[PDB]
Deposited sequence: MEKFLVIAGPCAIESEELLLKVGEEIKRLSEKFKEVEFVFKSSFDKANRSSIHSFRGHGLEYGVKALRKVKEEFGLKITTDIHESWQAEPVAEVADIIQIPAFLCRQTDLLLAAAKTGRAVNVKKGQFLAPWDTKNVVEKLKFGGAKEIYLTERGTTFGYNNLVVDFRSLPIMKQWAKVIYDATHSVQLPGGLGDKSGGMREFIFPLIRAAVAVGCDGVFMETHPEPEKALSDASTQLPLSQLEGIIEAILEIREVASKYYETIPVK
């Protein structure tokens, strides 16, 4: 099956930033034809720790910006919603509606996404056990979703630290397609993220076996308005993708059947 790579800048800092990243993603999509790319960026960071941190430029602006990417590059789009009313307007441009990790159990949000007819990707709550995502998929299927994704993004391990229990990939694979979040799984919740572990954990994810990877990328991570410690420099994206396809290929014959 075609491997999914969901990538893009964490936040929609500007339509310019999006075009620059989309251009590179478009180029890579032409090179890695066996990969299905999906451009990602949030119109709002509705859960920042601090009230003084960057949130965004509003839903209206973001959807317009994302639509420009899809139009100019012909790329699939995904972004996250935070309250039920946002699903409808977002569904106009988003091919995949993303459900934030903290909100993975909010019934109305999941139902709002499911009825749009779009694909839904739920980030696994840092508080949720692998086997507890079964009910999450049941809610989505009940709400009309026909294409569902579950994203591994780490689990609460003591304070201000997350650990990735890779046993979760085959467990979740039982009821949904699984995506590995390479950049948020190494972040330190309220710490201020460890970038040196992004690549190795990604290798692990593909050797274990998943249906795709989620990576936040920015031309200059050091200048990002969000996740400046975890976003991957855009120049490194090509090499990372090439590496996971290679590892995925050689490990593929050993993937267990669910």
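Should a student be asked to find the unmodelled regions, what ranges of the deposited sequence would be the right answer here? Coordinates drop out over 1, 194-198, 265-267.
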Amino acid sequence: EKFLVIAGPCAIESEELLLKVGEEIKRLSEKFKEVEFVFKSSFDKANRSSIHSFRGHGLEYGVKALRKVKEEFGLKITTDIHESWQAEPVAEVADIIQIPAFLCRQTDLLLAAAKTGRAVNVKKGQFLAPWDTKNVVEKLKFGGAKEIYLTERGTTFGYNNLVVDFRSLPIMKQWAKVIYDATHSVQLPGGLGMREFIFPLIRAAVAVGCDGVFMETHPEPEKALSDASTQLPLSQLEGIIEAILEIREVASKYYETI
From here on, numbers count along this sequence of modelled residues.
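Check whether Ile198 goes without coordinates in at least a third of the other compared PDB entries of this protein that model residues on both sides of it. No.
Give the stretch, out of 144-152 and 71-79, with the larger mean C-alpha temperature factor in the deposited entry. Mean CA B-factor is higher for 71-79.
Identify the stretch, either 124-132 or 183-191, whose C-alpha atoms have the larger mean B-factor according to the entry. Between 124-132 and 183-191, it is 183-191.
Residue selected from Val38, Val63, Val35, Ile202 by maximal Cα B factor: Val63 has the highest C-alpha B-factor of those listed.
Relative to the other modelled residues of the same chain, rank the CA B-factor of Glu242 and answer lowest, middle or highest third. As the PDB entry reports it, the C-alpha B-factor of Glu242 lands in the middle third of its chain.
Of the three thirds of its chain by CA temperature factor, lowest, middle or highest, which one includes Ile258? Its C-alpha B-factor belongs to the highest third of this chain's values.
Ranking the modelled residues of this chain by C-alpha B-factor as given in the entry, is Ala46 in the lowest, middle or highest third? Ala46: CA B-factor falls in the middle third of its chain.
Split into thirds by Cα B-factor across the chain's modelled residues, where does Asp108 land: lowest, middle or highest? Ranked within chain, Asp108 CA B lands in the lowest tercile.
Tell me, lowest, middle or highest third: where does the Cα B factor of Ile198 rank within its chain? Middle third of the chain for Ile198's C-alpha B-factor.
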